[PDB]
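Below is one structure; the comments refer to it alone.
Cβ sites come from the backbone with ideal geometry, for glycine too, and all protein chains shown count toward neighbours. Any read-out appearing in this document is the output of simple, stated calculations on the displayed coordinates, not a laboratory observation.
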Protein chains: 2
Amino acid sequence: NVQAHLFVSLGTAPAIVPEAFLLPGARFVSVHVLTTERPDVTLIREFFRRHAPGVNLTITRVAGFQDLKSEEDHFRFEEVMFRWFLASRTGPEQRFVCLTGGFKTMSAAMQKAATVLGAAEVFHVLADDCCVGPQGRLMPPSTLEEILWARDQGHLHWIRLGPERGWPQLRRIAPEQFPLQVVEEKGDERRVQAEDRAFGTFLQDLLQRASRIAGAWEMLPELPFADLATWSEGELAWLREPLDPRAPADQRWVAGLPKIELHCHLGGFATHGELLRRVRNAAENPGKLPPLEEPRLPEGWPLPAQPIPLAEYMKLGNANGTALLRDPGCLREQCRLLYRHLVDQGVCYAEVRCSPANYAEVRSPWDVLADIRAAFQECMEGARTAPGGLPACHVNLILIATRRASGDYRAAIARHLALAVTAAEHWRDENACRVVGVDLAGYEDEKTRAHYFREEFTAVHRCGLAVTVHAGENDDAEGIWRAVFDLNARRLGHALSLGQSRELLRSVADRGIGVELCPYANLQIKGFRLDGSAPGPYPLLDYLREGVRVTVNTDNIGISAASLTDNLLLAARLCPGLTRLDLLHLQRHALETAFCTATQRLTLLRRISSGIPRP
Amino acid sequence: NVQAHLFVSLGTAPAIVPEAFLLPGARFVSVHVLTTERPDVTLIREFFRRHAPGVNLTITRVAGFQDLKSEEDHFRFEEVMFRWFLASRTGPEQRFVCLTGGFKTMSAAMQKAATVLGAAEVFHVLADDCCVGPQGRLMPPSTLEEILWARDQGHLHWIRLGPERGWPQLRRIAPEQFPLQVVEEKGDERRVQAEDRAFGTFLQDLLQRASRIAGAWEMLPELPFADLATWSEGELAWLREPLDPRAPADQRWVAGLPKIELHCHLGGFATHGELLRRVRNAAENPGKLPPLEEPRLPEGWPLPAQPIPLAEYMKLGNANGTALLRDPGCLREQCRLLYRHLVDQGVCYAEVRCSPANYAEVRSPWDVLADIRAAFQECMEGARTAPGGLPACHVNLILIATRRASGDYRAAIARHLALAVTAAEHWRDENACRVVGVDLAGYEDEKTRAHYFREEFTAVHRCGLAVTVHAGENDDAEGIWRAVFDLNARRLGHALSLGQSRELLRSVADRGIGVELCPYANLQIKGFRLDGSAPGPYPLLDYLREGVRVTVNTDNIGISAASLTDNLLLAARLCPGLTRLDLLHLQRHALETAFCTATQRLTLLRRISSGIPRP
Ligand SMILES: Nc1ncnc2c1ncn2[C@@H]1O[C@H](CO)[C@@H](OP(=O)(O)OC[C@@H]2O[C@H](n3cnc4c(N)ncnc43)[C@H]3OP(=O)(O)O[C@H]32)[C@H]1O
Ligand SMILES: Nc1ncnc2c1ncn2[C@@H]1O[C@H](CO)[C@@H](OP(=O)(O)OC[C@@H]2O[C@H](n3cnc4c(N)ncnc43)[C@H]3OP(=O)(O)O[C@H]32)[C@H]1O
Ligand SMILES: [Zn+2]
Ligand SMILES: [Zn+2]
C-alpha cells in the first residue's frame, strides 16, 4: 500500500537495477540509482523505458569520484550518499535498500546508512552462470530478454537481510538543513556536490553521546544531575579527584558554576572601599549624611591568625546599615549593587534577609519593605537574559527577628512577624519577588533559647510560613534540639555543634532539615585549622557523609570581604579530600532546601543541569 | 608496543591476505583468516612459511557454508563471525580489520562487527593490473614474487578509514559465554559451529535499548523510575491512559507490580474463613481456647450500601486478636500466615503494627515482642530468594499506643512507648527486623487530640524515634494541625479532612509529611460515591495534584476483606481519571516516606525499577 521506493547503488556491471527492481512481492515506484562518473546507464534506461514506463527513474552521480586511491574521496561519497538519502522525503516504512554494486566500501556504506536512518528492507541479489555466451557458463550481462528468461524459469536468489529500525531523531529530520548542489543537469541524470561534512559530524557526535550514556547508565541515581551521564570516562574520573584550590583551572571551573545562595544579609554588603563611596554618593539628603569613618580591619583580615568574637565582628560594618540605609536613595542603590554582584557571581536564585523596621524614622516599615520589593522587582525585570524569557537571577525576601542581650528588643520581633505575614499574603504572583519566610537571629545564649519565643511564632505557624533559626554558633546542641522540636524550624544556620549529639544528627538527617555553613564567618569567629595543620575539624565532610542536606553560603559579603567562589574554595581548603562531586551535591542540596514552588524548583533543576562547564 | 592482531576475510581470490599483511608502519602478529570452506589456502601458508616464519597464522572455516542460497547461511556466518571475534582475548586498540574478500555481505558484516566491537583500524586494499599473465592487463595472480614487485613499485593503495570506538560493556565480554565448537581439527586450520544465535539476540536487545533510551532522554526527571526510559513509544502512551478496573489485563498488570506496605494491623488479618481455623488449630493449649463464633457481616460487605460507624467495624473482628493471640502458638502461626500473604501479594517492603502488651498475661510484653520479632526474622531467613541473597519481603515493626473514650489507657501508652524505645535500642542490625517507630491510634475526638500527649512523647523525641498519628478520620483539620505542629508527626493516617484548610495542606506538602489512605476502609466507614455517580469526592486526585506524598494501604486485611491489588483497583474506581503513572507515583511516594535507612532505600529503588512488568 506504501509507495515503496527502491534505492540502489551501481558499479561497472549494469543489469543489476533490473534484477533488483524485480522482487517477489514489491510494487516498486521511483527507483533511485547512485553511481560514479564512469559507469554507463544506457541499458537501465532502456529497461525502464520498454518494460516499465511509470517508474520515473532518477540517476545521481558523485561530482569528483571516478577511482578511489586514498580515503578522502570515500568520505565525499559517504557524505553525498547521506544527503542523497536525505534529499527525498520518505519514511523508513517505504525504503528498500540494495547493497549490490560498486566497491566493497560502497556496499558497507549502503548498509550503514540503512541501519542508521532506518529502512523497511535491506537485501541483495545474486545470479549464477546460465548463459552460453562466447565462453561457456557465462553470466547474463545484457540483452534483457535473457534476464527475463532467467527470472521466468527461475534461478534468482534475492537474499533478504531484513528490516531496520534507525535512530528516532534521524527518521524524518529535514533536507533543508543539509542540502545538495547540482553542477550540471540533463534529463533524469545529475551530478551533485556538498559543501562540507556537517552531517558526518552531527551523526558522529550523536552516536558518541549515545555511547557515553549507555556507558554511564548504572550509578545514575547517585549522580546529582542527569547531564553528567553525557560526560566521557576521563571527565568522570577527573570529577572524582580532590579539588585543588591553588590550581587556576579549578578556580575558573568553580567560578563558572551556576550557584544558589540561601544565607546573605542585606545590611552587610557595602561596608568598605569604592562600594561604600558609590552607595554614599546617592542619598537624597546629603546634608544629614554621617561623617565618613571606616573601622580598621585586623591584620590579614580575610584569614586572621587569631579568632575574634561576635561584638567587633558586628561593629566592623558600622559604616553601613542603620546609620546609612535610613535614606531611601541609599537603600535603592544598595539593592541595585547587590543584584549586580549576585548576577556577576553567577547565582541563579538567592534569598536576601533584611530588617525594614530598623530603617523607619518618618515612614512606616511597610513603606521600606515596599521600596525594597519594588527595587528588586525592577532589577529582575531589567535583566531578561536566559532562555524562556526569565530573569537571570530570582530574588526572594526573608525578614529577621533580632534578639539582644538586654534592652528593648521583643516588640520589634512582633512587628517583624506581623509585617512578614501581611506582606506574604499581599504579594502572591509566582514569577515575582516575594516574602517567603522569617528568621530568628541575634545574640544567643541559655536565656535566649528557641523555646522562649514559641508564643510569638504560633501565629506564623498558623498562617503557614517557613522558619529558619540561627543555632549552634555559640551554644551546645540543646539549642539546636529546641529549635528543631519547639519552633518546627525548616533550616538551621551555623549548626557547628550538631555532631555532639548522635540522635539529634540522625533526626536532622531523617527529617531533611537543611544546614547552612559559612566558611569565612566560621573561620573568622571560631577559628579553624587550614590545610590539615581546640575547636576541632570542620564538620562539612562529616555532615556530607552522614546524609545531611548541608549547604555553603556567604553570610556577610562586605564584612567578611568575599563571595561564593572564595567560600567554596576555602571549604575545599578546610576539609582536605573534598571532591568536585561534593560541590555538585552541595548545589543539589541547596536546590532541594530552597523556599520555592515545585515548578520553579524543576525549572532551576533543568537550568543548573545544562549549565555545568566541562573540564 | 601493542601486539597488533589482524583480522581479514577471504573469498575465492587468494593473494589478498599477504597484500593486507604489508600495511606500512604496522608489524602484525597472529593474523586471522575467516573463510567459507570453498577456496584454498595453500598460497597463504606458502607465503607465510617463506617470508614470515614467526606470525603463527590461523585459518577458520564455517560450518558447511557452501554457497549463498538464502538468509540462513548469512545468519550462521554472522554468528560464527561474532563468536570468532570473541574467541580471541583481544582489546580494541590492537584489532585491525580488513573488509577485503568474500561476498559483499561478508565485508559489510566485517565493518559492522568492527564498529560494534570497536576495532582500532578498518581498511580496504586495492591492487593495480600490472602483470602480463596470458592476456595483458591482469591483476597480480597467485605467485608471490610479482606481489613483492608490485609492493616495491607502489601499486598497492591501502584505503584506510578511521578507527572505531565500540559499545563499552561489549568491549570485553568473555569467550566462555558464547563458545565455539570444533567439528574438525587439523594443524592451523579448523571448522567451527555455533549451537544457537544467542549473541545476535543479545546485540539486538542492546541496540534497541540504547535507541529507546536515546529517544526518551527528556522528560526523565518527571519519570518516577528510570527504567521507564527503556519503554517504547506505544507502551509509554499506554501508560498515560486512565486505568480500567474492569479490564482483566489491567488486573493482571496491577497484580504484577512490586508494592510497598506502610499501614497494616497484625491483629486484624485472619478473622473469618479458613485462615481463622488454621490459626486456631495451632494452639499449645486448646483447652483454654474460647468457643468459635464468627460475627456476621452486613449485606454485600466489601461494597456495602450504607456506611457503618467505628464500633461495629471494630466488633467485626472479635474472633481474633486479644482473645486468640494470648497463646504463643497462635501468634506465631498468625505471623507466618501474614508473611506468606505479603509475599504472595508481591510486597517487597512492609511495616507491621502490633500491640504486644495486649497479649501479656503470664509473660512480659518484652517476651511477646521478642517472639514476634523472632518469628518474622525466621520467616525472612527462610525465604532467601531474589538476586543478591536478600529476603523476598523485608518486615519492620511499629508499636501502637491506643487511646480510649473512657477507662484506663494512659499507663498502657507509657508502657508501649518505653518498650518501643528499649527495643529500638536493642536490635540494631540493618539487614534484620527492627522496631522503627510508634503510633497513636484508637478513639479520637475533641478531648483526645494530639496536643494532650506531648509530655509522653517528649522521651520518644529525645531518643530520636519516628512517629505516626491517626488523625482526620472523624475530626476536622484542627486535629491534623495539632498532630503536625505539636507532636512532630512524620506521617499521617486517614487525613480525609486535610482539604478544608489550604494553609495546612500547603504546609504538609512543603514539609514532605506523608499521608496514608485506605480505600476500602474509608468507603466502608464514611461512604463514598463510586464510578462518579454528603461526604464529597475522594481526595486522592487533589492530594496528588497539590504535591502531597500520598500512599494507598490496606489497614485491616481481614476485617475489610481486601488486599493491595483490590485497594488499588478500588482507588481507580473512586476517582475516575486516575492513570497508571499515578500508581507508579504512589509507589515512589511510599518508597520516599518509609522509615528505613538510605542504603535500603536505594536498594528498594533499584529493585522496584528493575521489576515493573510491561504491557
Ligand atoms: N591482487 C588482487 N586480486 C584480486 N582482487 C584484489 C586484489 N587486491 C585487491 N583486490 C580487491 O579485492 C576485491 C576483489 O573482489 C576487489 O575489490 P573492489 O574493487 O571493491 O571490487 C568491487 C567491483 O569494482 C568494480 N568497479 C570498478 N571500478 C568501479 C568504479 N569506478 N565505480 C564503481 N565500481 C567499480 C565494481 O563493479 P562491480 O559492482 O561489478 O564489482 C565491483 C579488488 O579490488
Ligand atoms: N547479473 C549480475 N551481474 C553482475 N553481478 C551480479 C549479478 N547478479 C548479482 N550480482 C552480484 O553482484 C556482485 C558483482 O559486483 C557480485 O556479488 P558477490 O557474490 O558478493 O561477489 C563477490 C565475489 O564472490 C566471490 N566468491 C565466489 N564464491 C565465493 C565463496 N564460496 N565464498 C566467498 N566468496 C566467493 C568472491 O571472490 P572475491 O573475494 O574475489 O570477490 C567475491 C555478484 O554476485
Ligand atoms: Zn546570619
Ligand atoms: Zn490504623
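Can you list the residues, at least 5 places off or on another chain, whose amide H is less than 5 Å from the amide H of A:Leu161, using H built in the peptide plane?
Long-range HN contacts for A:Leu161: A:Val122, A:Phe123, A:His124.
Quick one: which of B:317-330, A:122-135, B:254-267 comes out on top by average Cβ neighbours within 10 Å, and what's the full order, highest first? Could the numbers behind the result be given before it?
Working: B:317-330: 18.6, A:122-135: 15.4, B:254-267: 21.6.
Those peptides, ordered most packed to least, come out B:254-267, B:317-330, A:122-135.
May I ask you to list the trypsin sites (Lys or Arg not before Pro) in segment A:44-116 that are in a DSSP loop and have at most 13 other Cβ atoms within 10 Å of their Cβ?
Filter output for segment A:44-116: A:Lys69, A:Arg89.
Going by how many other beta carbons lie within 10 Å of each one, how would you line up A:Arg454, B:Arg296, B:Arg449, fewest first?
Values: A:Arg454 13, B:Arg296 8, B:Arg449 20.
Final ranking by Cβ density, sparse to dense: B:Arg296, A:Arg454, B:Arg449.
Sort B:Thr42, B:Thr422 so that the residue with the fewest other Cβ atoms within 10 Å of its own Cβ comes first and the one with the most comes last.
The order, fewest Cβ neighbours first, is B:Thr42, B:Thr422.
Using a basic spin-label model with each label point 7 Å from the Cα along Cα→Cβ, how many nm lie between B:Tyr452 and A:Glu184?
10.3 nm
Below 8 Å between Cα atoms, with a sequence gap of 6+, how large is the relative contact order for segment A:413-486 in percent?
35 percent
In whole Å, what is the distance between the alpha-carbon centres of segment A:326-375 and segment B:210-278?
If we compute the Cα centre of each part, the gap is 51 Å.
Would you list which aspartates and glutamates come within 17 Å of B:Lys447, measuring only between C-alpha atoms, while excluding same-chain residues fewer than 8 positions from it?
Within the straight-line cut-off, B:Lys447 pairs with B:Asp408, B:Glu455, B:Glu456, B:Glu473, B:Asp475, B:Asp476, B:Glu478, B:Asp486.
When Cβ neighbours within 10 Å are restricted to other protein chains, what is their mean count per residue of peptide B:493-503?
Numbers: counts 0, 0, 0, 0, 0, 0, 0, 0, 2, 1, 5.
Average neighbour count from other chains, rounded to a whole number: 1.
Rg and Dmax of the protein assembly as shown, Cα atoms, in Å?
38.9, 121
In whole angstrom, note down how far apart the Cα centers of segment A:397-457 and segment A:557-574 are.
That distance is 27 Å.
Which net charge results for the neighbourhood of A:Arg340, defined as the other residues with beta-carbon distances under 15 angstrom from its beta-carbon, given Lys and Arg at +1 and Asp and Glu at -1?
Net local charge, A:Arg340 excluded: -3.
Of the beta bridges DSSP finds with both residues in the protein assembly as shown, what % are antiparallel, to the nearest 5?
Antiparallel bridges: around 15 percent, rounded to the nearest 5.
Report relative contact order for segment A:95-135 in percent, whole number only (criteria: Cα-Cα under 8 Å, sequence separation at least 6).
Values: 34 pairs, mean separation 19.3, N = 41.
It rounds to 47 percent for segment A:95-135.
Find the relative contact order for segment A:330-468 and round it to a whole percent, using C-alpha pairs within less than 8 Å whose residues are 6+ positions apart.
Once normalised by length, the contact order is 23 percent.
Which order do the peptides A:155-168, A:428-441 take when ranked by the mean count of other beta-carbon atoms within 10 Å per residue, highest first?
Numbers: A:155-168: 16.4, A:428-441: 18.1.
In decreasing order of mean packing, A:155-168, A:428-441 become A:428-441, A:155-168.
What does the C-alpha gyration tensor say about the overall shape of segment B:533-591? Classify as rounded when a/c is under 1.5, otherwise prolate if a/b is larger than b/c, or oblate. List each step's numbers first, then the result.
On the way: a/c = 1.68, a/b = 1.18, b/c = 1.42.
Verdict is oblate for segment B:533-591.
Quantify how strongly other chains surround peptide B:103-115 by giving the mean number of their Cβ atoms within 10 Å of each of its Cβ atoms.
Taking all residues of B:103-115 together, the mean is 5.
I need the inter-copy label distances for B:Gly11: point set 7 Å along Cα to C-beta, values in nm with one decimal, smallest first.
In nanometres, ordered from closest: 0.6.
Please give the peptides A:138-144, A:288-294 ranked by average Cβ packing (other Cβ atoms within 10 Å per residue), highest first, as a rough proxy for protection.
Averaged packing, sorted descending, gives the order A:138-144, A:288-294.
Please work out whether segment B:217-267 counts as rounded, prolate or oblate from its C-alpha gyration tensor, where a ≥ b ≥ c are the square roots of the eigenvalues and a/c under 1.5 means rounded, while otherwise a/b larger than b/c means prolate and anything else oblate?
Oblate.
Would you kindly work out, in nm and rounded to one decimal, the distances from the label point of B:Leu144 to those of the same position in each other copy, ordered shortest first, with label points 7 Å along Cα-to-Cβ?
5.1
Residue by residue through B:62-69, how many Cβ atoms from other chains fall within 10 Å of the Cβ on average?
1
Under a plain spin-label model, where a point goes 7 Å from the Cα along Cα-to-Cβ, how far apart in nm are B:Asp205 and B:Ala323?
About 5.4 nm separates the two model spin labels.
In straight Cα distance, which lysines are under 18 Å from B:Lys104, not counting same-chain residues fewer than 8 positions off?
Straight-distance partners of B:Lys104: A:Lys104, A:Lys112, B:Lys69, B:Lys112.
So if we plug the beta-carbon distance of A:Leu530 and B:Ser88 into 1/(1 + (r/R0)^6) with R0 = 56 Å, what FRET efficiency do we get, rounded to 0.05?
0.50
Where both partners of a DSSP beta bridge lie in chain B, what percent of those bridges are antiparallel, to the nearest 5? Don't skip to the answer; put the middle values down first.
On the way: 10 of 58 bridges.
That works out to approximately 15 percent antiparallel.
Assuming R0 = 45 Å, what is the FRET efficiency of A:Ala598 and A:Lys69, from their Cβ-Cβ distance, to the nearest 0.05?
Between A:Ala598 and A:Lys69 the formula returns 0.10.
Residue-wise, which Karplus ³J(HN,Hα) couplings in Hz belong to segment B:219-229, taking 6.51 cos²θ - 1.76 cosθ + 1.60, θ = phi - 60°, and x for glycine or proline?
6, 7, x, 6, 5, x, 10, 6, 4, 4, 5
Apply 1/(1 + (r/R0)^6) to the Cβ-Cβ distance of A:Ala370 and A:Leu292, taking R0 = 35 Å, and write down the FRET efficiency to the nearest 0.05.
The computed FRET efficiency comes out at 0.75.
Classify segment B:286-357 from the C-alpha gyration tensor, please: rounded if a/c falls under 1.5, else prolate or oblate depending on whether a/b exceeds b/c.
Cα axes put segment B:286-357 in the oblate bin.
Please work out how much length the chain gains when fully extended from A:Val362 to A:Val55, using 0.36 nm per residue of separation minus the C-alpha to C-alpha distance, in nm with one decimal.
Contour length minus the Cα-Cα distance gives 101.5 nm.
Arrange B:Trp238, B:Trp84 by Cβ neighbour counts within 10 Å, fewest through most, would you? Spell out each step's value before the answer.
Working: B:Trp238 13, B:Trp84 20.
Lowest count first: B:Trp238, B:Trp84.
Distances in nm, one decimal, shortest first, from B:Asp128 to the same residue in every other copy, taking the label point 7 angstrom along Cα→Cβ.
Its label point is 3.9 nm from the equivalent points in the other copies.
Given the DSSP H assignment, sum -39500 (n - 2.57) over each helix run of at least 4 residues in chain A and divide by its residue total; what's the result at 222 nm in deg cm²/dmol, nearest 500?
Value at 222 nm, helices only: -11500 deg cm²/dmol.
May I ask you to list the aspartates and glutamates whose Cα is less than 15 Å away from that of B:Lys288, ignoring any residue fewer than eight positions away on the same chain?
Within the straight-line limit of under 15 Å, B:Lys288 reaches these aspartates and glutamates: B:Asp327, B:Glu361.
Mind giving me the nanometre distance, one decimal, between the label points for B:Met139 and B:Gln3, set 7 Å out from Cα along Cα→Cβ?
Between B:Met139 and B:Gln3, the simple spin-label model gives 3.1 nm.
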